[PDB]
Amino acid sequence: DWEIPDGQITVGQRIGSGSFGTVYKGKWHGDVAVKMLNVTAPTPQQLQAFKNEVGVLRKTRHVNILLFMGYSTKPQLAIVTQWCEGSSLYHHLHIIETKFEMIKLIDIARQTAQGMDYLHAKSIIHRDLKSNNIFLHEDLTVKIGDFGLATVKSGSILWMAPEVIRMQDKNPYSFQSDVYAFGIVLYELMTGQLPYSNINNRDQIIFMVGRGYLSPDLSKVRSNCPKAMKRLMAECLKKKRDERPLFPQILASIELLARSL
């Protein structure tokens, strides 16, 4: 089992928030990340998420997926993963303006696909892939996290495929919803910025993207962005679910992109 008996985890500093709780740095057999639900009496629903996420996380063992290390139910519900030195992709790209070399950008991308291919072969849909959820350990290895909105067969507007934004379908979530999210992550990597920067109105972005009036301006990729890469982005950011590639194909594509650079 992976239940860490109450008292073993040492909760240090509050880092931020996760799918269904607050993230703190912690100590359990070393440095760990701790995602804790702070309520005293967990709501049945809340408890449900914990169980789901944990059940989802028990089925992951991959270099590019945040290593779930265990869980805790008392004093409070908590999810313990490894600790990633550095920050999330969102942070690197949009807060501290880390300027990565293009070959490093393609590496980050390939790794994210490596992890997402893993997830999909396992019938896991992340349902909330964003830069905020892609952590770069030792500014080298990409690990994906926050698997609470995940599931097995948001406020994250910018990564949401138009059929998800529309929400006018049944589980508008698909391996392609994830693929679109990933394609937006690709935009961020090769643009250095967030989609739709020239619009200041969240509602407006939401509507247009949902009705297909708005799309990421791929004309902003850096000059060094392999064209193949621009074309792959386009394939992933297609406004029609079935016109988008799955992760084995995306992986094969990026790896070829790598052979020549």
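If you superpose the two forms and keep the largest set of C-alpha atoms that fall within 1.5 Å, you have the rigid core. Start at 1 with the first residue shown and count on from there.
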Quiz item: Superpose by the rigid core: which stretch, 38 to 46 or 56 to 64, shows more Cα shift in 4 other deposited structures of this protein?
Solution: 38 to 46
Exercise. Any chance you could tell me whether 6 to 14 or 245 to 253 drifts more in 4 other deposited structures of this protein, judged by RMS CA distance from this form after superposing on the core?
Key: 6 to 14
Practice problem: Please establish whether a third or more of the other compared PDB entries omit coordinates for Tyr24. | Solution: no
Practice problem: For the stretch from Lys153 to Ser154, please bin the deposited residues that the model skips: none, 1 to 3, 4 to 9, or 10 or more. | Solution: 10 or more
Practice problem: Determine, for stretches 166 to 174 and 73 to 81, which one has the higher mean CA B-factor as deposited. | Solution: 166 to 174
Quiz item: What stretch has the higher average Cα B-factor here, 56 to 64 or 218 to 226?
Solution: 218 to 226
Self-check item: Residue with maximal Cα B-factor (values as given in the PDB entry) among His91, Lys143, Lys104, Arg110
Solution: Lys104
Quiz prompt | CA B-factor ranking of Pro42, expressed as a third of its chain | solution = highest
Quiz item: Split the chain's modelled residues into thirds by Cα B-factor; is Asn133 in the lowest, middle or highest one?
Solution: lowest
Quiz item: According to the PDB entry, is the CA B factor of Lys99 in the bottom, middle or top third of its chain, that is, lowest, middle or highest?
Solution: highest
Quiz prompt | Chain-wide C-alpha B factor ranking for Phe247, given as lowest, middle or highest third | solution = middle
Quiz item: Taking the C-alpha B-factors as the PDB entry records them, is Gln13 in the lowest, middle or highest third of its chain?
Solution: lowest
